[PDB]
file work_0.cif (mmCIF, C-alpha atoms)
data_run
#
loop_
_atom_site.group_PDB
_atom_site.id
_atom_site.type_symbol
_atom_site.label_atom_id
_atom_site.label_comp_id
_atom_site.auth_asym_id
_atom_site.auth_seq_id
_atom_site.Cartn_x
_atom_site.Cartn_y
_atom_site.Cartn_z
ATOM 1 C CA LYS A 417 -15.839 11.115 -27.623
ATOM 2 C CA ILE A 418 -12.746 8.896 -27.484
ATOM 3 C CA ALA A 419 -10.786 10.890 -24.892
ATOM 4 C CA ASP A 420 -13.728 10.980 -22.462
ATOM 5 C CA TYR A 421 -15.764 7.810 -23.073
ATOM 6 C CA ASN A 422 -13.501 5.190 -24.695
ATOM 7 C CA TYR A 423 -10.007 5.775 -23.258
ATOM 8 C CA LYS A 424 -9.277 8.374 -20.568
ATOM 9 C CA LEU A 425 -5.727 9.485 -19.852
ATOM 10 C CA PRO A 426 -4.436 11.308 -16.770
ATOM 11 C CA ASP A 427 -3.568 14.912 -17.552
ATOM 12 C CA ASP A 428 -0.051 14.165 -16.229
ATOM 13 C CA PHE A 429 0.340 11.134 -18.491
ATOM 14 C CA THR A 430 4.050 10.405 -18.963
ATOM 15 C CA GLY A 431 3.825 7.863 -21.757
ATOM 16 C CA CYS A 432 3.691 7.077 -25.451
ATOM 17 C CA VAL A 433 0.914 6.182 -27.895
ATOM 18 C CA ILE A 434 1.645 3.811 -30.794
ATOM 19 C CA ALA A 435 -0.743 3.448 -33.745
ATOM 20 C CA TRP A 436 -0.536 0.454 -36.097
ATOM 21 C CA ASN A 437 -2.450 0.591 -39.388
ATOM 22 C CA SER A 438 -4.143 -2.775 -39.926
ATOM 23 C CA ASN A 439 -6.401 -2.453 -42.976
ATOM 24 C CA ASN A 440 -5.181 -5.925 -43.994
ATOM 25 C CA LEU A 441 -5.728 -7.487 -40.550
ATOM 26 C CA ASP A 442 -8.945 -5.910 -39.223
ATOM 27 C CA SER A 443 -11.074 -4.765 -42.169
ATOM 28 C CA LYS A 444 -13.794 -7.097 -43.448
ATOM 29 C CA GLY A 447 -17.725 -4.349 -43.160
ATOM 30 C CA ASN A 448 -16.251 -5.320 -39.795
ATOM 31 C CA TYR A 449 -18.988 -4.775 -37.197
ATOM 32 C CA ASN A 450 -17.343 -6.599 -34.249
ATOM 33 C CA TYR A 451 -15.217 -3.463 -33.645
ATOM 34 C CA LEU A 452 -17.180 -0.579 -32.092
ATOM 35 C CA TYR A 453 -16.626 2.697 -30.287
ATOM 36 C CA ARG A 454 -18.309 4.386 -27.347
ATOM 37 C CA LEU A 455 -20.164 7.452 -28.622
ATOM 38 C CA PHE A 456 -22.377 8.644 -25.740
ATOM 39 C CA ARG A 457 -21.860 8.803 -21.975
ATOM 40 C CA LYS A 458 -23.281 10.957 -19.192
ATOM 41 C CA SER A 459 -19.919 11.701 -17.528
ATOM 42 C CA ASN A 460 -16.180 11.519 -18.181
ATOM 43 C CA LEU A 461 -14.208 8.348 -17.520
ATOM 44 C CA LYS A 462 -11.646 8.133 -14.759
ATOM 45 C CA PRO A 463 -8.069 7.188 -15.671
ATOM 46 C CA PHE A 464 -7.673 3.422 -16.114
ATOM 47 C CA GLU A 465 -11.468 2.956 -16.194
ATOM 48 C CA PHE B 186 -7.896 -12.556 21.036
ATOM 49 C CA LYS B 187 -4.417 -11.051 20.874
ATOM 50 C CA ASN B 188 -3.990 -11.086 17.094
ATOM 51 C CA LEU B 189 -5.122 -7.532 16.306
ATOM 52 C CA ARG B 190 -5.041 -7.238 12.513
ATOM 53 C CA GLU B 191 -5.219 -3.595 11.432
ATOM 54 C CA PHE B 192 -5.474 -2.726 7.743
ATOM 55 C CA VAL B 193 -5.678 0.391 5.584
ATOM 56 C CA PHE B 194 -7.168 0.174 2.084
ATOM 57 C CA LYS B 195 -6.749 2.875 -0.564
ATOM 58 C CA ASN B 196 -7.443 2.978 -4.311
ATOM 59 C CA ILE B 197 -5.254 5.713 -5.818
ATOM 60 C CA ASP B 198 -4.762 6.207 -9.569
ATOM 61 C CA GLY B 199 -5.760 2.615 -10.275
ATOM 62 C CA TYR B 200 -3.467 1.208 -7.565
ATOM 63 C CA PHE B 201 -4.398 -0.632 -4.366
ATOM 64 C CA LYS B 202 -2.267 0.204 -1.324
ATOM 65 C CA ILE B 203 -2.313 -2.249 1.589
ATOM 66 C CA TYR B 204 -0.864 -1.346 4.995
ATOM 67 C CA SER B 205 -0.960 -3.758 7.909
ATOM 68 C CA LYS B 206 0.443 -4.536 11.343
ATOM 69 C CA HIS B 207 -0.255 -7.506 13.623
ATOM 70 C CA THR B 208 0.121 -6.605 17.297
ATOM 71 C CA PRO B 209 -0.717 -8.452 20.538
ATOM 72 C CA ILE B 210 -3.514 -6.755 22.491
ATOM 73 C CA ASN B 211 -5.889 -7.756 25.279
ATOM 74 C CA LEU B 212 -8.820 -5.335 24.802
ATOM 75 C CA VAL B 213 -11.319 -6.775 22.319
ATOM 76 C CA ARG B 214 -14.409 -4.889 23.487
ATOM 77 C CA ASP B 215 -12.842 -1.549 22.513
ATOM 78 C CA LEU B 216 -9.658 -0.349 20.844
ATOM 79 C CA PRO B 217 -6.628 -0.181 23.159
ATOM 80 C CA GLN B 218 -4.714 3.057 23.520
ATOM 81 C CA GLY B 219 -1.116 3.526 22.433
ATOM 82 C CA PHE B 220 0.721 4.175 19.201
ATOM 83 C CA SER B 221 1.870 1.921 16.374
ATOM 84 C CA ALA B 222 2.757 2.122 12.695
ATOM 85 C CA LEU B 223 1.344 0.285 9.686
ATOM 86 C CA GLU B 224 3.806 -0.833 7.035
ATOM 87 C CA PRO B 225 3.205 -1.030 3.274
ATOM 88 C CA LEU B 226 2.566 -4.609 2.197
ATOM 89 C CA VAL B 227 1.159 -4.913 -1.344
ATOM 90 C CA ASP B 228 0.657 -2.575 -4.302
ATOM 91 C CA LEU B 229 -1.989 -3.802 -6.752
ATOM 92 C CA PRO B 230 -2.152 -1.990 -10.151
ATOM 93 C CA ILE B 231 -5.728 -2.958 -11.024
ATOM 94 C CA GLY B 232 -7.620 0.035 -12.403
ATOM 95 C CA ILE B 233 -11.064 -0.493 -10.843
ATOM 96 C CA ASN B 234 -13.274 2.205 -9.323
ATOM 97 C CA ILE B 235 -14.136 0.822 -5.884
ATOM 98 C CA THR B 236 -17.285 2.324 -4.373
ATOM 99 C CA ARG B 237 -18.589 -0.574 -2.246
ATOM 100 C CA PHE B 238 -16.871 -2.777 0.318
ATOM 101 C CA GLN B 239 -17.879 -6.251 1.500
ATOM 102 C CA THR B 240 -16.118 -8.574 3.944
ATOM 103 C CA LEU B 241 -15.736 -12.204 2.856
ATOM 104 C CA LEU B 242 -16.174 -14.652 5.740
ATOM 105 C CA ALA B 243 -16.121 -18.427 6.068
ATOM 106 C CA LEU B 244 -19.440 -20.028 6.995
ATOM 107 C CA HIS B 245 -20.353 -23.492 8.245
ATOM 108 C CA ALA B 263 -16.335 -12.079 14.240
ATOM 109 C CA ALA B 264 -16.220 -8.616 15.812
ATOM 110 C CA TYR B 265 -14.617 -5.863 13.752
ATOM 111 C CA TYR B 266 -14.253 -2.092 13.454
ATOM 112 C CA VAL B 267 -14.717 0.281 10.515
ATOM 113 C CA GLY B 268 -13.520 3.864 10.116
ATOM 114 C CA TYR B 269 -12.944 6.292 7.265
ATOM 115 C CA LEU B 270 -9.911 8.306 6.187
#

call {"tool": "encode", "arguments": {"input": "work_0.cif", "output": "structure tokens"}}
result
Amino acid sequence: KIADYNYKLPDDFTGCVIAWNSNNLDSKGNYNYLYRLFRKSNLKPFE
Amino acid sequence: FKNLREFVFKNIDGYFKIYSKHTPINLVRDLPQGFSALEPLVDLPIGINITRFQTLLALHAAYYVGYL
């Protein structure tokens, strides 16, 4: 779901991914933060 | 109308490539023959999927359109 509908990377992606745990800065039940779950096609890079 | 403004627009990998060349001509009805080169001008890292194209004009204009 995430790799195709929320954030699409080029298959030749020369880069780094950094993850910061923020349970103390983002958690509430925080509803303002969502994710894309369904889409008919795959995203383009930088879309 | 000697200012012939030729442009090439491409959207590659989220980047906008602009090539242009201003040359003096004297055939406005059609495109004059000869050879020239268009030089890279601006690279715009936007990330938009462009499927439609619309010219913005001032209002109180003959142009040409091809495809690559």

call {"tool": "closest_residue", "arguments": {"input": "work_0.cif", "among": "B:228, B:216, B:198, B:207", "to": "residue 462 in chain A", "atoms": "only C-alpha atoms"}}
result
B:198

call {"tool": "resolve_selection", "arguments": {"input": "work_0.cif", "expression": "the PyMOL selection byres ((chain A) within 10 of (chain B))", "output": "list in words"}}
result
residues 426, 462, 463, 464 and 465 of chain A

call {"tool": "residues_around", "arguments": {"input": "work_0.cif", "residues": "range 441-460 of chain A", "least_positions_apart": "5", "cutoff": "10 Å", "atoms": "all atoms listed in the file", "output": "PDB file with C-alpha atoms, in the frame of the given file"}}
result
ATOM      1  CA  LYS A 417     -15.839  11.115 -27.623  1.00  0.00           C
ATOM      2  CA  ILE A 418     -12.746   8.896 -27.484  1.00  0.00           C
ATOM      3  CA  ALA A 419     -10.786  10.890 -24.892  1.00  0.00           C
ATOM      4  CA  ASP A 420     -13.728  10.980 -22.462  1.00  0.00           C
ATOM      5  CA  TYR A 421     -15.764   7.810 -23.073  1.00  0.00           C
ATOM      6  CA  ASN A 422     -13.501   5.190 -24.695  1.00  0.00           C
ATOM      7  CA  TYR A 423     -10.007   5.775 -23.258  1.00  0.00           C
ATOM      8  CA  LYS A 424      -9.277   8.374 -20.568  1.00  0.00           C
ATOM      9  CA  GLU A 465     -11.468   2.956 -16.194  1.00  0.00           C
TER      10      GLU A 465
END

call {"tool": "residues_around", "arguments": {"input": "work_0.cif", "residues": "residue 193 in chain B", "least_positions_apart": "4", "cutoff": "8 Å", "atoms": "all atoms listed in the file", "output": "mmCIF file with C-alpha atoms, in the frame of the given file"}}
result
data_model
loop_
_atom_site.group_PDB
_atom_site.id
_atom_site.type_symbol
_atom_site.label_atom_id
_atom_site.label_comp_id
_atom_site.auth_asym_id
_atom_site.auth_seq_id
_atom_site.Cartn_x
_atom_site.Cartn_y
_atom_site.Cartn_z
ATOM 1 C CA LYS B 202 -2.267 0.204 -1.324
ATOM 2 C CA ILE B 203 -2.313 -2.249 1.589
ATOM 3 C CA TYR B 204 -0.864 -1.346 4.995
ATOM 4 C CA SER B 205 -0.960 -3.758 7.909
#

call {"tool": "closest_residue", "arguments": {"input": "work_0.cif", "among": "B:235, B:192, B:270, B:264", "to": "residue 215 in chain B", "atoms": "all atoms listed in the file"}}
result
B:264

call {"tool": "atom_distance", "arguments": {"input": "work_0.cif", "atom1": "CA of residue 222 in chain B", "atom2": "CA of residue 267 in chain B"}}
result
17.7 Å

call {"tool": "atom_distance", "arguments": {"input": "work_0.cif", "atom1": "CA of residue 429 in chain A", "atom2": "CA of residue 224 in chain B"}}
result
28.4 Å

call {"tool": "atom_distance", "arguments": {"input": "work_0.cif", "atom1": "CA of residue 188 in chain B", "atom2": "CA of residue 238 in chain B"}}
result
22.7 Å

call {"tool": "residues_near_point", "arguments": {"input": "work_0.cif", "point": "(-11.4, -8.9, 21.5)", "cutoff": "10 Å", "atoms": "all atoms listed in the file", "output": "ChimeraX atom specification"}}
result
/B:186-189,210-216,263-265
